[PDB]
Every structure is written in structure tokens, then in C-alpha cells.
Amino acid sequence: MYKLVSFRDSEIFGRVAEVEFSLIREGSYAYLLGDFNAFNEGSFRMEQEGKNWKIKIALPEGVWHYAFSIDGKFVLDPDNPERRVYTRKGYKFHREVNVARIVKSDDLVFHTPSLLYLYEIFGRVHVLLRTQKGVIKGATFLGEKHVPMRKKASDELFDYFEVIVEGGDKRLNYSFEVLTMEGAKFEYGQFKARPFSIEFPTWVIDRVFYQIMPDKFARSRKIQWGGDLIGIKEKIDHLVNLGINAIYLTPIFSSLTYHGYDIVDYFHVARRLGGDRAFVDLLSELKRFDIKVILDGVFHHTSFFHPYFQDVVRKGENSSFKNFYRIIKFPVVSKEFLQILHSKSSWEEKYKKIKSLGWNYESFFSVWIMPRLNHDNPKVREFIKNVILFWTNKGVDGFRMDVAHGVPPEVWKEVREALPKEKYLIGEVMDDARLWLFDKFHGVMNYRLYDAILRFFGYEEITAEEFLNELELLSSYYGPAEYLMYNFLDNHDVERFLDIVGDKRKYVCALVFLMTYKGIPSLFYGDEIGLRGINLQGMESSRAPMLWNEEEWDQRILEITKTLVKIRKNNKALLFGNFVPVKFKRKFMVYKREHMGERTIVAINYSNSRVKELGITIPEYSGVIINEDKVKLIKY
């Protein structure tokens, strides 16, 4: 059951609904799951009141999807008859869930001075008017100048009206004029306010990220897959030639396996990767060419073999690390049963034997080798801030938080307040990111943008107009934070986009979109040469070893990639410009990015045949970038 208990003001969302979720208590632990955290445990822990589990969460108005996790099992709200199949290809989600209609009973038209409804960025002010879906025909912004607003998107419950106005001001005096489909007309509110905004390192905006998995990228030529940090440094010339100026590194801390997501020591670089000196040399070298570096922070859990957890296994209580994790029952691991199956050779095949036996502590899904940290504990939070600052102090420019949506937002809010101003902080959240942005992450891995890109470019399941609507919804939801998002076509956790669309000519059209849209573009190592996934015992992995034999590179994609990276970094409109949809129909789209009088127009023909638009004839599967003094064709 869920009940909207009340409403409170919010400098971010205008107002938020304080909603209560609960269900008959029948287990050891429970979590709230929804699109607000991509259905992950760890972020919203429910506590027992009396006969049932309960939690109070602040949620922006709208229709939300949810469910529960009891003892680690997906369970539906027994009291809620409203169920529905929710699907997000973005993170391979497709199953029945519960619906939560969150909206104030007096709603019709809404706007309150706040971050998402009245902000400024890159010298411009964005104003938003949220209205009951399909009820409002038109709206006018009544400020110093009367200017018509445009309906940019539509939710299940709302229509979104927006307008851009000169931001070289301060205190704005305004109200709105609304026209209903019936013809009713009225003036809404009377506001006096200075636009809000967000803080962020200015260096991030002109970045083009390059994601690297040390183990797969480059094996060092200095003898002392086995890719390492010395190798990355040895390949710096390749990165500067490509033009990327920021790197997102996969975990490099001491870990149990070459995977790296099973940390045993957060203050040292893995031996396998060359050690701390290697990382120190790589860093200063990257600094020479102004290439930023962001590390992967794994704080949702540690390795089962981290000294901390190990101390809990051998001391149980009386272990000063007992509350550093989420122990369900204190005879942590079965009486000798887990240990014997742990010392009886079997060669890691025994991982399945132990798994089947079960364990007495919370973990990342069903991987007993990754016990969840107790984020409620002030000590664990300090430990996280200390790890982060430790590396930040060495010159690291930021962090990408692994499984961020599995950690309470409050933790990230604390980290954000403790972090030096010029550091970039992003998280891995696979669905709506509203509860993770603004005063927490600068941006997150844009999985909702990825989902729209998959539906349109990848699987060609939706039209250009439906695609546009998805983009605009994200714009309304994220507001200014939209420009700080980490955008991608692929990464270490999904299939290479080239393998999804097959056609190298289609990949190019998607790349054109990625490199010219709002948000920070990024490439997964190898994408610049057309690197495809590899077969690993019947399972295709996108983590294919980087290829250095240039006769194996696709020179067209490399050339095209270099061109887009160069065009992006040097085009003010693509960097700071607003987004104006010019024409989205079927498989064709054309839009404009505008900044201080400059404009860059982008047309993408994602169809098999030539299309006549913009007075020209745009070739099949190709993009066209038009700006001051140049009309550039982009096609394989």
C-alpha cells in the first residue's frame, strides 16, 4: 500500500509529495523498488513499524512504478490492484510492477519558482509550466515581454510548456495566461523571483569522454588479458590524436579478481595494473595534455575478502566491523558448512555450492562475494568520503559511482558537500535520475537517454516524434542538470552499439546524434575503430581486447569520429546551446542548437532512402551538420 501523506515545498521540484509505502512484514529485511532507483535494493530501506514494513519517501509528482524486495525477492504490493508491465530496454527491465499515481488533487496548472521551473544556465533563463495532460491548449509567459510558450512534452499525467528568456537579468516579475481546450482563459499566479541554477566544474562542459577498461586496453611494452596502466600511458598519443580530453577508468584499486569490482583495499592501485607508481606517472602525463581523469568508485559493497568483512567472519560479534555491513543473522557463514565448502578445494566451482547454501548477510543481488555495506552507519559514510578525498587529493578529477542507485541519496548528498568544487561527480543510475541530481551528482550515466536511443536508433521501434517526446521529457525532468549528464551509445555493461545496429552506416547516424546533443558525449574504447564484441564461451562480451594492429581498424569510422570530436569541442552552440526541434517525422530528424546568436543545425536521415528537406537532398542513413560557414556531410 502507498499513501500520499502530504506535500512540502522544494527549491528543486517546486513541491514534492511525501509518500508512505508499506506492506505486511514477513521477512528479515525489505526495500522499496521503483523507476526512481531502477528497482535496486540498498537505496530505500524499509523499517518495521509493527506488523508491517514501512518507509516515507519524497517523490516529485507523476506516475511512478514500484515493487518490493523482501529478503532479496521481487514482490508486488499485495494491497495495490493497479499493476502493469513496465519495460526499459535501457537496462533490460521487462516485468509486471505496481503503479503509484502521485499528484495533488487541486492540480490543473502548476509553477513555483524553483530549480526545474525557473533556472538559468549559460546566460539563459528557462521557464516551465506543468499542466494536466491534454487540458491546456496554450500558454503565454507574461513577463517584461509577453511571449508564447511551447508544449514540449507529455507524461502520463502532464503536458509541459516551456519558454526561453533573456537571462542577463536578475529579479523577474511574471505570471502566465492559460487557454483551455474549451476556450476558458485565466491568469495563473503572480511571481517575483531570481532564477535558480546549479554549480558544476566549468571544465566538464567541453569534454568528450573515453571509457577505458585497463585490462582490455593496452598491455605494457615494458616487461616487469593483461592490459595495465603503463600501457594506457604508452598509448597517450592515440588518445590525443583522437581528440578526447577526459577518461573514465574502470576500477583500479586492489581487488580479488582482475574484474576489479571486488575491492580488498581502497587506498592502493591493483598490482596487476602496475601499482601506485604507474598510476602516478599516468596521471601527470595525462595532465600534460589536459586530459581529465575520473575513477570508478565501488561503495555499495566491498569484496567478501576485504579485511573488514573478513574480520566479521572470524569474530562475528566482538568484531568492531559488525555494523559496517548488513548482517541478517550473526552466525554469519554456516557453521563450518560454508567454511568447509570454502576450503575443500573444488576450485571456485564451490562458489555455486556456497551460493546454494545461502548466507547470513545482505549482498549485491545473489553474489555472496559482494556483501552490502551499511550505508546508515556514519562510519561507513566517513570511510566513503575518505576514500574519495584520498584519490581526489592525488589529482583525480572526479568519480563515477558504481551502483549509485543502490545507495541512499543522502550518502551522495554528503559526498557532494564534502567534495572540492572542481571535481566531477557522476553516478550509475539506470532510470529516472531526479532523486540523484542537483545537490548530489552533477549528472549520471544517462540511461533514460540510452533507452530512447535504443528504441529509435537501435531497434527502430518508435518514430522520430515519439523519440523527441522522450528527449523533451528528460529535459523537463533534469532541467539544467541535463547538460552535465554522461551520455553514451555503449559502455562496459551493454552490447557495443555497432553490434546492436549491425550496419556501420547506422552507427554513424547514432554517433552524430550523440556528439551533437545536450549532455557530455563519451566513447567506449575501441568505438573509434569499429571494435565489435567477442564470443566468450557462447556469450558475447563487449569488453573485447583493444586492437592495435591498424590494418584491423575501420579507418572510416576513425576519421568520422575524429571529425565529430573536433566539431564538438570547437562549437559553442553544440557545447552550451539550447535545443530547438525543427522537424521530427518518422525516421528523419532535424534540430537546432543555439547560443548567443550562434546556431548549429543538425539533420539525421535514419532511413534507407534519400529525403528532401532543408531545400537539399539528405542521403540515406547520414547526418548533416550546418553552422556558420559550413555544411558538413557525415556518412560512412
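From 1 onward, residues are counted along the sequence shown.
Undergrad: Would you class the number of unmodelled deposited residues between residue 224 and residue 225 as none, 1 to 3, 4 to 9, or 10 or more?
TA: In the deposited sequence, 4 to 9 residues between these two have no coordinates.
Undergrad: Tell me which stretch, 437-445 or 70-78, has the higher mean Cα B-factor listed in the entry.
TA: That would be 70-78.
Undergrad: Which is higher in the entry, the mean Cα B factor of 21-29 or that of 616-624?
TA: Averaging CA B-factors over each stretch, the winner is 21-29.
Undergrad: Just grab whichever of 488, 330, 459, 478 has the top CA B-factor as deposited.
TA: Among 488, 330, 459, 478, the highest C-alpha B-factor in the entry belongs to 330.
Undergrad: Name the residue from 300, 287, 400, 233 with the greatest C-alpha temperature factor listed in the entry.
TA: Among 300, 287, 400, 233, the PDB entry lists the largest C-alpha B-factor for 287.
Undergrad: Split the chain's modelled residues into thirds by Cα B-factor; is residue 251 in the lowest, middle or highest one?
TA: It falls in the bottom third of the chain.
Undergrad: Once the chain's modelled residues are ordered by C-alpha B factor and cut into thirds, is residue 522 in the lowest, middle or highest one?
TA: Lowest third.
Undergrad: Hey, what third does residue 379 fall into on Cα B-factor, ranked over its chain?
TA: Tercile = highest for this residue's CA B-factor.
Undergrad: Just say lowest, middle or highest third for the CA B-factor of residue 265 relative to the other modelled residues in its chain.
TA: Middle third - that is where residue 265 ends up once the chain's C-alpha B-factors are sorted.
Undergrad: Which third of the chain does residue 325 land in by C-alpha B-factor: lowest, middle or highest?
TA: Answer is highest: the recorded C-alpha B-factor places it there.
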